[PDB]
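Q: Coordinates in final.cif, mmCIF, C-alpha atoms (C1' of nucleotides), are listed below.
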```
data_protein
loop_
_atom_site.label_atom_id
_atom_site.label_comp_id
_atom_site.auth_asym_id
_atom_site.auth_seq_id
_atom_site.Cartn_x
_atom_site.Cartn_y
_atom_site.Cartn_z
CA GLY A 136 78.19 -164.01 31.53
CA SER A 137 76.19 -162.56 28.64
CA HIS A 138 73.89 -163.47 30.08
CA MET A 139 71.92 -165.95 32.19
CA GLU A 140 70.35 -162.85 33.70
CA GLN A 141 68.58 -161.79 30.50
CA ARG A 142 67.34 -165.29 29.62
CA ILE A 143 65.52 -165.64 32.94
CA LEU A 144 63.85 -162.22 32.71
CA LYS A 145 62.34 -163.38 29.41
CA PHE A 146 60.91 -166.70 30.55
CA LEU A 147 59.08 -164.76 33.26
CA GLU A 148 58.00 -161.98 30.90
CA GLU A 149 56.66 -164.54 28.44
CA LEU A 150 55.02 -166.27 31.39
CA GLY A 151 53.19 -163.02 32.09
CA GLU A 152 53.30 -160.55 34.97
CA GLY A 153 51.89 -162.01 38.18
CA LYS A 154 52.80 -165.59 37.31
CA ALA A 155 55.51 -167.39 39.27
CA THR A 156 57.82 -170.36 38.70
CA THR A 157 60.40 -172.48 40.53
CA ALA A 158 64.15 -172.61 39.97
CA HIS A 159 63.78 -176.34 39.29
CA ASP A 160 61.44 -175.42 36.44
CA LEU A 161 63.81 -172.83 34.97
CA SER A 162 66.70 -175.28 35.32
CA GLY A 163 65.38 -177.99 33.01
CA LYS A 164 64.03 -175.50 30.47
CA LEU A 165 67.12 -173.30 30.24
CA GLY A 166 69.40 -176.34 30.15
CA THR A 167 71.26 -174.78 33.07
CA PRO A 168 72.00 -176.58 36.36
CA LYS A 169 69.73 -175.45 39.20
CA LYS A 170 72.83 -174.26 41.06
CA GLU A 171 73.66 -171.41 38.67
CA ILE A 172 69.95 -170.61 38.34
CA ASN A 173 69.50 -169.82 42.04
CA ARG A 174 72.63 -167.66 42.33
CA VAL A 175 71.31 -165.51 39.49
CA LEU A 176 67.74 -165.51 40.82
CA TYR A 177 68.97 -164.25 44.19
CA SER A 178 71.27 -161.82 42.36
CA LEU A 179 68.24 -160.40 40.55
CA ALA A 180 66.53 -160.19 43.93
CA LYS A 181 69.34 -158.02 45.30
CA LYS A 182 68.66 -155.67 42.39
CA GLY A 183 64.93 -155.40 43.05
CA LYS A 184 64.30 -156.81 39.58
CA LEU A 185 62.69 -159.97 40.95
CA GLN A 186 60.39 -160.78 43.88
CA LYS A 187 60.58 -164.00 45.90
CA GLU A 188 57.66 -165.75 47.61
CA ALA A 189 58.90 -167.72 50.63
CA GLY A 190 58.16 -171.45 50.71
CA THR A 191 59.45 -174.88 49.74
CA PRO A 192 60.41 -174.40 47.06
CA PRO A 193 60.31 -170.58 46.73
CA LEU A 194 58.38 -169.03 43.83
CA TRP A 195 59.79 -166.31 41.58
CA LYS A 196 58.00 -163.70 39.46
CA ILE A 197 58.37 -160.25 37.89
CA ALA A 198 55.36 -158.55 39.50
CA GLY B 136 38.88 -188.78 44.66
CA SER B 137 36.70 -187.26 41.96
CA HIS B 138 37.55 -183.76 43.20
CA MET B 139 41.25 -184.48 42.70
CA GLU B 140 40.50 -186.33 39.46
CA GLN B 141 38.68 -183.30 38.03
CA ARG B 142 41.41 -180.90 39.12
CA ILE B 143 44.08 -182.96 37.37
CA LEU B 144 42.02 -183.27 34.19
CA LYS B 145 41.42 -179.51 34.11
CA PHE B 146 45.11 -178.70 34.47
CA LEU B 147 46.05 -180.98 31.56
CA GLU B 148 43.20 -179.65 29.42
CA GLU B 149 44.29 -176.04 29.97
CA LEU B 150 47.88 -177.14 29.36
CA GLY B 151 47.03 -177.31 25.66
CA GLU B 152 46.59 -180.37 23.45
CA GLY B 153 49.49 -182.77 22.91
CA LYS B 154 51.51 -181.50 25.86
CA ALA B 155 52.47 -183.43 29.00
CA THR B 156 53.62 -182.85 32.58
CA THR B 157 55.03 -184.76 35.56
CA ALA B 158 53.73 -185.99 38.91
CA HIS B 159 56.30 -183.86 40.72
CA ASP B 160 55.00 -180.86 38.79
CA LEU B 161 51.33 -181.47 39.59
CA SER B 162 52.34 -181.97 43.22
CA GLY B 163 53.47 -178.37 43.65
CA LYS B 164 50.73 -176.70 41.61
CA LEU B 165 48.11 -178.59 43.61
CA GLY B 166 49.73 -178.72 47.05
CA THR B 167 49.44 -182.49 47.32
CA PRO B 168 52.04 -185.17 48.17
CA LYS B 169 53.37 -186.73 44.96
CA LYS B 170 52.59 -190.13 46.49
CA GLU B 171 48.88 -189.28 46.36
CA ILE B 172 49.06 -187.68 42.91
CA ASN B 173 50.35 -190.93 41.43
CA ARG B 174 47.40 -192.91 42.79
CA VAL B 175 45.04 -190.63 40.87
CA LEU B 176 47.26 -190.46 37.77
CA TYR B 177 47.45 -194.23 37.39
CA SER B 178 43.77 -194.64 38.24
CA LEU B 179 42.77 -192.27 35.44
CA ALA B 180 44.95 -194.41 33.19
CA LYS B 181 42.89 -197.45 34.22
CA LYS B 182 39.83 -195.52 33.03
CA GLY B 183 41.36 -194.63 29.67
CA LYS B 184 41.41 -190.91 30.43
CA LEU B 185 45.19 -190.51 30.61
CA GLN B 186 48.22 -191.91 28.78
CA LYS B 187 51.64 -192.40 30.35
CA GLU B 188 54.71 -191.61 28.26
CA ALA B 189 58.18 -192.95 29.03
CA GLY B 190 60.65 -190.49 30.52
CA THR B 191 62.52 -189.37 33.62
CA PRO B 192 60.29 -188.79 35.36
CA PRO B 193 57.37 -190.18 33.27
CA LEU B 194 55.19 -187.70 31.38
CA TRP B 195 51.38 -187.59 31.54
CA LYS B 196 48.84 -186.30 29.03
CA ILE B 197 45.16 -186.57 28.08
CA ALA B 198 44.29 -189.82 26.30
CA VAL B 199 43.46 -189.58 22.59
CA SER C 137 66.43 -198.57 67.82
CA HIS C 138 63.57 -200.69 69.18
CA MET C 139 63.07 -202.08 65.67
CA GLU C 140 66.67 -202.92 64.77
CA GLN C 141 66.83 -204.84 68.05
CA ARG C 142 63.54 -206.64 67.44
CA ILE C 143 64.64 -207.76 63.98
CA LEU C 144 68.16 -208.93 64.81
CA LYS C 145 66.73 -211.03 67.65
CA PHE C 146 64.20 -212.78 65.44
CA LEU C 147 66.85 -213.62 62.83
CA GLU C 148 69.20 -214.81 65.58
CA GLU C 149 66.53 -217.14 66.96
CA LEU C 150 66.31 -218.33 63.37
CA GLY C 151 68.92 -220.85 62.22
CA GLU C 152 72.33 -220.02 60.77
CA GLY C 153 71.55 -221.00 57.19
CA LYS C 154 67.96 -219.83 57.57
CA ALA C 155 66.47 -216.79 55.84
CA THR C 156 63.05 -215.13 55.90
CA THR C 157 61.20 -212.40 54.00
CA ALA C 158 60.19 -208.85 54.92
CA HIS C 159 56.60 -209.96 54.39
CA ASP C 160 56.97 -212.77 56.91
CA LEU C 161 58.58 -210.33 59.36
CA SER C 162 55.82 -207.80 58.75
CA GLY C 163 53.12 -210.35 59.56
CA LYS C 164 55.09 -211.50 62.59
CA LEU C 165 56.07 -208.30 64.40
CA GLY C 166 52.96 -206.30 63.53
CA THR C 167 54.94 -203.68 61.64
CA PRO C 168 54.58 -201.77 58.35
CA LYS C 169 56.57 -203.61 55.69
CA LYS C 170 57.95 -200.19 54.70
CA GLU C 171 59.53 -199.94 58.15
CA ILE C 172 60.84 -203.50 58.03
CA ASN C 173 62.40 -202.87 54.62
CA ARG C 174 63.86 -199.57 55.83
CA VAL C 175 65.64 -201.34 58.68
CA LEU C 176 66.66 -204.39 56.65
CA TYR C 177 68.39 -202.33 53.96
CA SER C 178 69.87 -200.15 56.71
CA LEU C 179 71.41 -203.17 58.44
CA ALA C 180 72.64 -204.58 55.13
CA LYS C 181 74.77 -201.43 54.88
CA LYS C 182 76.38 -202.04 58.26
CA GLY C 183 77.15 -205.62 57.24
CA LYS C 184 74.91 -206.88 60.04
CA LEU C 185 72.72 -208.68 57.50
CA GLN C 186 72.96 -210.41 54.13
CA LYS C 187 70.47 -210.20 51.26
CA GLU C 188 69.75 -213.07 48.86
CA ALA C 189 68.45 -212.14 45.41
CA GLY C 190 64.94 -213.12 44.32
CA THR C 191 61.31 -212.10 44.71
CA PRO C 192 60.80 -211.48 47.47
CA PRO C 193 64.42 -210.94 48.57
CA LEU C 194 65.50 -213.22 51.42
CA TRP C 195 67.37 -211.96 54.48
CA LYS C 196 69.76 -213.59 56.96
CA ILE C 197 72.50 -212.72 59.45
CA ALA C 198 76.21 -212.33 58.65
CA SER D 137 87.03 -195.11 54.28
CA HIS D 138 90.33 -193.22 54.31
CA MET D 139 88.77 -189.77 54.74
CA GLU D 140 86.81 -191.16 57.69
CA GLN D 141 90.06 -192.39 59.23
CA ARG D 142 91.90 -189.09 58.79
CA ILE D 143 89.09 -187.39 60.72
CA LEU D 144 88.79 -189.95 63.52
CA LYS D 145 92.54 -189.76 64.13
CA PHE D 146 92.55 -185.96 64.35
CA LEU D 147 89.75 -185.99 66.93
CA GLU D 148 91.45 -188.80 68.87
CA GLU D 149 94.74 -186.90 69.02
CA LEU D 150 92.71 -183.89 70.11
CA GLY D 151 91.76 -185.61 73.35
CA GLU D 152 88.68 -187.32 74.78
CA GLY D 153 85.63 -185.09 75.09
CA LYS D 154 87.29 -182.54 72.82
CA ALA D 155 85.55 -181.05 69.78
CA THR D 156 86.37 -179.03 66.68
CA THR D 157 84.69 -177.63 63.56
CA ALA D 158 84.48 -178.43 59.86
CA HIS D 159 86.32 -175.22 58.98
CA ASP D 160 89.23 -176.28 61.19
CA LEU D 161 89.42 -179.79 59.74
CA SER D 162 89.17 -178.39 56.22
CA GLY D 163 92.30 -176.31 56.70
CA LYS D 164 94.46 -178.87 58.48
CA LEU D 165 93.59 -181.81 56.22
CA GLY D 166 93.72 -179.74 53.03
CA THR D 167 90.33 -181.14 52.05
CA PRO D 168 87.38 -179.04 50.77
CA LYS D 169 84.88 -178.13 53.51
CA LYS D 170 81.98 -179.73 51.63
CA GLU D 171 83.74 -183.11 51.67
CA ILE D 172 84.45 -182.80 55.39
CA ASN D 173 80.80 -182.20 56.35
CA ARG D 174 79.56 -185.08 54.20
CA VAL D 175 81.79 -187.47 56.15
CA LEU D 176 81.00 -185.81 59.49
CA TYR D 177 77.23 -186.10 59.09
CA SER D 178 77.76 -189.56 57.56
CA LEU D 179 79.67 -190.74 60.62
CA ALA D 180 76.89 -189.20 62.72
CA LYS D 181 74.44 -191.61 61.10
CA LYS D 182 76.75 -194.49 62.03
CA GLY D 183 76.86 -193.28 65.63
CA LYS D 184 80.64 -192.90 65.49
CA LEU D 185 80.59 -189.11 65.93
CA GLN D 186 78.40 -186.73 67.94
CA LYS D 187 77.27 -183.27 66.80
CA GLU D 188 77.04 -180.47 69.36
CA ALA D 189 74.66 -177.58 68.73
CA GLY D 190 76.29 -174.33 67.63
CA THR D 191 77.28 -172.12 64.72
CA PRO D 192 79.34 -173.61 63.35
CA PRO D 193 78.43 -176.91 65.09
CA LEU D 194 81.07 -178.72 67.15
CA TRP D 195 81.96 -182.37 66.54
CA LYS D 196 83.09 -184.94 69.11
CA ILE D 197 83.81 -188.68 69.09
CA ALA D 198 80.80 -190.45 70.62
"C1'" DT E 1 71.87 -167.04 63.70
"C1'" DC E 2 77.27 -168.58 56.27
"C1'" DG E 3 74.02 -172.95 59.88
"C1'" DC E 4 74.65 -176.03 54.21
"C1'" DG E 5 75.40 -182.13 55.08
"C1'" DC E 6 71.84 -182.01 49.62
"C1'" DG E 7 72.52 -187.23 46.65
"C1'" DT E 8 67.82 -189.20 43.88
"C1'" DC E 9 63.51 -191.28 43.07
"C1'" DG E 10 61.46 -194.38 38.17
"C1'" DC E 11 57.53 -196.58 42.80
"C1'" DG E 12 51.93 -197.13 40.01
"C1'" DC E 13 51.84 -201.71 44.88
"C1'" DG E 14 45.91 -202.97 46.51
"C1'" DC F 1 60.96 -212.61 38.17
"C1'" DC F 2 55.21 -207.03 43.07
"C1'" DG F 3 61.26 -206.39 43.18
"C1'" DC F 4 59.81 -200.97 46.44
"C1'" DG F 5 64.03 -199.49 50.83
"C1'" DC F 6 61.53 -193.40 48.92
"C1'" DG F 7 61.99 -189.29 53.83
"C1'" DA F 8 62.65 -183.81 52.31
"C1'" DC F 9 65.15 -180.24 50.52
"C1'" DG F 10 64.48 -174.38 52.07
"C1'" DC F 11 70.78 -174.05 49.82
"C1'" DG F 12 71.89 -168.63 46.80
"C1'" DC F 13 77.68 -169.69 49.95
"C1'" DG F 14 82.01 -166.73 46.62
#
```
Translate the structure described by the file into structure tokens.
A:
Amino acid sequence: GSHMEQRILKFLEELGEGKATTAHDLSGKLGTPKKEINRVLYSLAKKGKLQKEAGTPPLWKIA
Amino acid sequence: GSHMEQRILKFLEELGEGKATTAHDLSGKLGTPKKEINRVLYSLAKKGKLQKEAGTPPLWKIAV
Amino acid sequence: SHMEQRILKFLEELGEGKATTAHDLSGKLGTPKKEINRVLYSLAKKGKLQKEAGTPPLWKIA
Amino acid sequence: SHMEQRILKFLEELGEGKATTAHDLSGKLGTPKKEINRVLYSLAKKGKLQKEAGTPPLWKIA
DNA sequence: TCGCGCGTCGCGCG
DNA sequence: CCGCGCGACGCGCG
């Protein structure tokens, strides 16, 4: 893309370091299906750019 | 309960003025079954403290 | 399950053109109406029961 | 359902007590794996099929 | 230990 | 024309 990766990093940056959010939350606000959201979230995780907090659902933040 | 009633009111107050949220949303940020959250949400509406807006799911905000 | 069996029986002991409500079944088998309704709608899927429109909805055997 | 029938047949031809996987069915029926599992688990709710523990899980006609 | 089926739900109801 | 069955869901999978 060009790029769902950058859009997410912003929503979290604007949210402020140390604050988390769910994929379901990012889905409805970025107008993007939760499916594509998670595959990018986990992609960012494999790049150490994001940190996941286990749970149901999982929480994502910049840290 | 009043404890839960006060927690919900706080959240909406901090959420700014004119903004709304959902029961599913409050459920996660309060660690409480949505079934229970709705009991309190609708009760506060009975007391004229909250207003319910149409939507999917419905949106809730402080009564004006 | 023990519920599906205990509902089918009751409705069978009922007439052919007879139909009852989930509320009547709840206050007859000492069972949460949520459970009764769960089973009823479950049996309606398997064609084992028939639902008649209205409030409350009426239920009978097929 | 037709998809339900194509699966039941395969398992019947496979023998009694025999089991296979979703991946296998997917390839021999030319149907996406997601669709296969939906029907498998669906039939499991109807008591038609039986799921055996494993990875991937094995499926047998109950 | 790639297991994955996964949809919708609005429900407040005593 | 209170009808209401409604649980859990974590899923990213190529």
Q: With the cut-off set at 10 Å and counting all atoms listed in the file, tabulate each residue of chain F with an atom at most that distance from an atom of chain E, showing the nearest atom pair and its distance in Å to one decimal, ordered by chain and increasing number, as JSON lines.
A:
```
{"residue": "F:2", "atom": "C1'", "partner": "E:13", "partner_atom": "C1'", "distance": 6.6}
{"residue": "F:4", "atom": "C1'", "partner": "E:11", "partner_atom": "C1'", "distance": 6.1}
{"residue": "F:6", "atom": "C1'", "partner": "E:9", "partner_atom": "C1'", "distance": 6.5}
{"residue": "F:8", "atom": "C1'", "partner": "E:6", "partner_atom": "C1'", "distance": 9.7}
{"residue": "F:9", "atom": "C1'", "partner": "E:6", "partner_atom": "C1'", "distance": 7.0}
{"residue": "F:11", "atom": "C1'", "partner": "E:4", "partner_atom": "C1'", "distance": 6.2}
{"residue": "F:13", "atom": "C1'", "partner": "E:2", "partner_atom": "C1'", "distance": 6.4}
```
Q: Near region 142-155 of chain A, counting all atoms listed in the file, which residues have an atom at most 6 Å away, once you skip same-chain residues fewer than 4 positions from it, shown as a list in words?
A: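 My reading of the contact set: residues 194, 195, 196, 197 and 198 of chain A.
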Q: How would chain D read as an mmCIF file with C-alpha atoms, keeping the file's coordinate frame after a least-squares superposition onto chain C over every Cα atom, matched in order?
A:
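What landed in out_38.cif:
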```cif
data_model
loop_
_atom_site.group_PDB
_atom_site.id
_atom_site.type_symbol
_atom_site.label_atom_id
_atom_site.label_comp_id
_atom_site.auth_asym_id
_atom_site.auth_seq_id
_atom_site.Cartn_x
_atom_site.Cartn_y
_atom_site.Cartn_z
ATOM 1 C CA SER D 137 67.627 -199.129 67.609
ATOM 2 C CA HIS D 138 64.749 -201.168 69.031
ATOM 3 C CA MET D 139 63.276 -202.126 65.649
ATOM 4 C CA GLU D 140 66.739 -203.316 64.616
ATOM 5 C CA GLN D 141 66.885 -205.494 67.728
ATOM 6 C CA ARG D 142 63.453 -207.048 67.201
ATOM 7 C CA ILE D 143 64.597 -208.135 63.734
ATOM 8 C CA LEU D 144 68.023 -209.457 64.732
ATOM 9 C CA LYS D 145 66.440 -211.562 67.477
ATOM 10 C CA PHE D 146 63.867 -213.105 65.135
ATOM 11 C CA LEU D 147 66.571 -214.127 62.657
ATOM 12 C CA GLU D 148 68.776 -215.449 65.475
ATOM 13 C CA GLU D 149 65.959 -217.589 66.868
ATOM 14 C CA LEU D 150 65.366 -218.754 63.310
ATOM 15 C CA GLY D 151 68.738 -220.481 63.234
ATOM 16 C CA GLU D 152 72.155 -219.823 61.701
ATOM 17 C CA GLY D 153 72.183 -219.639 57.915
ATOM 18 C CA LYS D 154 68.401 -219.313 57.923
ATOM 19 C CA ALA D 155 66.567 -216.579 56.012
ATOM 20 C CA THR D 156 63.119 -215.024 55.786
ATOM 21 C CA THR D 157 61.278 -212.215 53.986
ATOM 22 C CA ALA D 158 59.991 -208.732 54.750
ATOM 23 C CA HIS D 159 56.391 -209.883 54.331
ATOM 24 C CA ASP D 160 56.931 -212.547 56.993
ATOM 25 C CA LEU D 161 58.556 -210.153 59.460
ATOM 26 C CA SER D 162 55.829 -207.589 58.827
ATOM 27 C CA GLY D 163 53.135 -210.006 59.946
ATOM 28 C CA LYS D 164 54.861 -211.469 62.990
ATOM 29 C CA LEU D 165 56.157 -208.166 64.376
ATOM 30 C CA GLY D 166 52.952 -206.273 63.590
ATOM 31 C CA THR D 167 55.025 -203.572 61.911
ATOM 32 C CA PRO D 168 54.260 -202.045 58.471
ATOM 33 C CA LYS D 169 56.242 -203.658 55.634
ATOM 34 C CA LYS D 170 57.751 -200.328 54.567
ATOM 35 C CA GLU D 171 59.328 -199.872 58.006
ATOM 36 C CA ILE D 172 60.735 -203.401 57.930
ATOM 37 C CA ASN D 173 62.541 -202.940 54.594
ATOM 38 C CA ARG D 174 64.028 -199.600 55.641
ATOM 39 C CA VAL D 175 65.691 -201.295 58.615
ATOM 40 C CA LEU D 176 66.653 -204.376 56.586
ATOM 41 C CA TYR D 177 68.427 -202.404 53.861
ATOM 42 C CA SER D 178 69.814 -200.099 56.574
ATOM 43 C CA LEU D 179 71.359 -203.029 58.426
ATOM 44 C CA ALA D 180 72.691 -204.215 55.060
ATOM 45 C CA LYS D 181 74.696 -200.998 54.810
ATOM 46 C CA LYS D 182 76.130 -201.693 58.268
ATOM 47 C CA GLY D 183 77.122 -205.198 57.187
ATOM 48 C CA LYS D 184 74.994 -206.751 59.928
ATOM 49 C CA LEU D 185 72.573 -208.452 57.518
ATOM 50 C CA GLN D 186 72.986 -210.101 54.111
ATOM 51 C CA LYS D 187 70.474 -209.916 51.246
ATOM 52 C CA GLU D 188 69.955 -212.974 49.050
ATOM 53 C CA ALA D 189 68.705 -212.507 45.496
ATOM 54 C CA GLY D 190 65.060 -213.402 44.914
ATOM 55 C CA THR D 191 61.497 -212.144 44.682
ATOM 56 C CA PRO D 192 60.854 -211.297 47.367
ATOM 57 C CA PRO D 193 64.532 -211.215 48.467
ATOM 58 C CA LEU D 194 65.650 -213.376 51.395
ATOM 59 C CA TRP D 195 67.487 -211.924 54.395
ATOM 60 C CA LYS D 196 70.124 -213.629 56.546
ATOM 61 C CA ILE D 197 72.415 -212.572 59.399
ATOM 62 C CA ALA D 198 75.893 -212.005 57.945
#
```
Q: List the residues selected by the PyMOL selection byres ((chain C and resi 155-164) around 12) in the file shown, writing them as a ChimeraX atom specification.
A: /C:139,142-154,165-177,185-198 /F:2,4-5
Q: Any chance you could export the current selection's C-alpha atoms (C1' of nucleotides) as a compact mmCIF listing (two decimals), in the coordinates of the input?
A:
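The resulting file, out_1.txt, is reproduced below:
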```txt
# COMPACT_ATOMS: atom_id res chain seq x y z
CA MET C 139 63.07 -202.08 65.67
CA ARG C 142 63.54 -206.64 67.44
CA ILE C 143 64.64 -207.76 63.98
CA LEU C 144 68.16 -208.93 64.81
CA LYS C 145 66.73 -211.03 67.65
CA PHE C 146 64.20 -212.78 65.44
CA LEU C 147 66.85 -213.62 62.83
CA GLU C 148 69.20 -214.81 65.58
CA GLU C 149 66.53 -217.14 66.96
CA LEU C 150 66.31 -218.33 63.37
CA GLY C 151 68.92 -220.85 62.22
CA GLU C 152 72.33 -220.02 60.77
CA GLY C 153 71.55 -221.00 57.19
CA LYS C 154 67.96 -219.83 57.57
CA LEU C 165 56.07 -208.30 64.40
CA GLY C 166 52.96 -206.30 63.53
CA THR C 167 54.94 -203.68 61.64
CA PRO C 168 54.58 -201.77 58.35
CA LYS C 169 56.57 -203.61 55.69
CA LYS C 170 57.95 -200.19 54.70
CA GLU C 171 59.53 -199.94 58.15
CA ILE C 172 60.84 -203.50 58.03
CA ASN C 173 62.40 -202.87 54.62
CA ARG C 174 63.86 -199.57 55.83
CA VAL C 175 65.64 -201.34 58.68
CA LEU C 176 66.66 -204.39 56.65
CA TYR C 177 68.39 -202.33 53.96
CA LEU C 185 72.72 -208.68 57.50
CA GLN C 186 72.96 -210.41 54.13
CA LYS C 187 70.47 -210.20 51.26
CA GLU C 188 69.75 -213.07 48.86
CA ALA C 189 68.45 -212.14 45.41
CA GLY C 190 64.94 -213.12 44.32
CA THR C 191 61.31 -212.10 44.71
CA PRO C 192 60.80 -211.48 47.47
CA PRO C 193 64.42 -210.94 48.57
CA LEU C 194 65.50 -213.22 51.42
CA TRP C 195 67.37 -211.96 54.48
CA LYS C 196 69.76 -213.59 56.96
CA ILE C 197 72.50 -212.72 59.45
CA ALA C 198 76.21 -212.33 58.65
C1' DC F 2 55.21 -207.03 43.07
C1' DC F 4 59.81 -200.97 46.44
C1' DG F 5 64.03 -199.49 50.83
```
Q: Would you mind reading off the distance between CA of residue 197 (chain B) and CA of residue 180 (chain B), one decimal, in Å?
A: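 Separation between CA of residue 197 (chain B) and CA of residue 180 (chain B): 9.4 Å.
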Q: From the list A:183, A:192, A:163, A:136, which residue is nearest residue 166 (chain B) when using only C-alpha atoms?
A: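 Among A:183, A:192, A:163, A:136, it is A:192 that comes nearest to residue 166 (chain B).
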Q: How would region 169-191 of chain C read, as a compact mmCIF listing (two decimals), in the frame of the given file, once N, CA and C atoms are built in?
A:
```txt
# COMPACT_ATOMS: atom_id res chain seq x y z
N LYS C 169 55.51 -203.01 56.48
CA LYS C 169 56.57 -203.61 55.69
C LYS C 169 57.55 -202.55 55.19
N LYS C 170 57.08 -201.31 55.08
CA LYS C 170 57.95 -200.19 54.70
C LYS C 170 59.01 -199.97 55.78
N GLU C 171 58.61 -200.11 57.03
CA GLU C 171 59.53 -199.94 58.15
C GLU C 171 60.52 -201.10 58.20
N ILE C 172 60.00 -202.31 58.07
CA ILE C 172 60.84 -203.50 58.03
C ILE C 172 61.91 -203.37 56.94
N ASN C 173 61.47 -203.02 55.74
CA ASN C 173 62.40 -202.87 54.62
C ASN C 173 63.40 -201.73 54.82
N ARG C 174 62.97 -200.68 55.51
CA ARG C 174 63.86 -199.57 55.83
C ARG C 174 65.00 -200.05 56.72
N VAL C 175 64.65 -200.83 57.74
CA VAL C 175 65.64 -201.34 58.68
C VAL C 175 66.54 -202.39 58.03
N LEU C 176 65.92 -203.33 57.32
CA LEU C 176 66.66 -204.39 56.65
C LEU C 176 67.78 -203.82 55.77
N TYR C 177 67.41 -202.93 54.85
CA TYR C 177 68.39 -202.33 53.96
C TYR C 177 69.42 -201.49 54.73
N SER C 178 68.99 -200.94 55.86
CA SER C 178 69.87 -200.15 56.71
C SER C 178 70.92 -201.04 57.38
N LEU C 179 70.50 -202.22 57.81
CA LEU C 179 71.41 -203.17 58.44
C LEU C 179 72.32 -203.84 57.42
N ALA C 180 71.84 -203.99 56.20
CA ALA C 180 72.64 -204.58 55.13
C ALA C 180 73.84 -203.69 54.83
N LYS C 181 73.68 -202.39 55.05
CA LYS C 181 74.77 -201.43 54.88
C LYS C 181 75.86 -201.68 55.90
N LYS C 182 75.45 -201.87 57.15
CA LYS C 182 76.38 -202.04 58.26
C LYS C 182 76.90 -203.47 58.36
N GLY C 183 76.65 -204.26 57.31
CA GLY C 183 77.15 -205.62 57.24
C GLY C 183 76.56 -206.55 58.28
N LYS C 184 75.55 -206.08 59.01
CA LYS C 184 74.91 -206.88 60.04
C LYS C 184 73.98 -207.93 59.45
N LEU C 185 73.61 -207.75 58.18
CA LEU C 185 72.72 -208.68 57.50
C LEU C 185 73.16 -208.95 56.07
N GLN C 186 72.65 -210.04 55.50
CA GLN C 186 72.96 -210.41 54.13
C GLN C 186 71.67 -210.62 53.33
N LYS C 187 71.65 -210.11 52.10
CA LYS C 187 70.47 -210.20 51.26
C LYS C 187 70.65 -211.18 50.10
N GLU C 188 69.72 -212.12 49.97
CA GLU C 188 69.75 -213.07 48.86
C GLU C 188 68.77 -212.67 47.78
N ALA C 189 69.26 -212.57 46.54
CA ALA C 189 68.45 -212.14 45.41
C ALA C 189 67.18 -212.98 45.25
N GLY C 190 66.19 -212.42 44.55
CA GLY C 190 64.94 -213.12 44.32
C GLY C 190 63.74 -212.27 44.67
N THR C 191 62.55 -212.81 44.41
CA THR C 191 61.31 -212.10 44.71
C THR C 191 60.37 -212.98 45.53
```
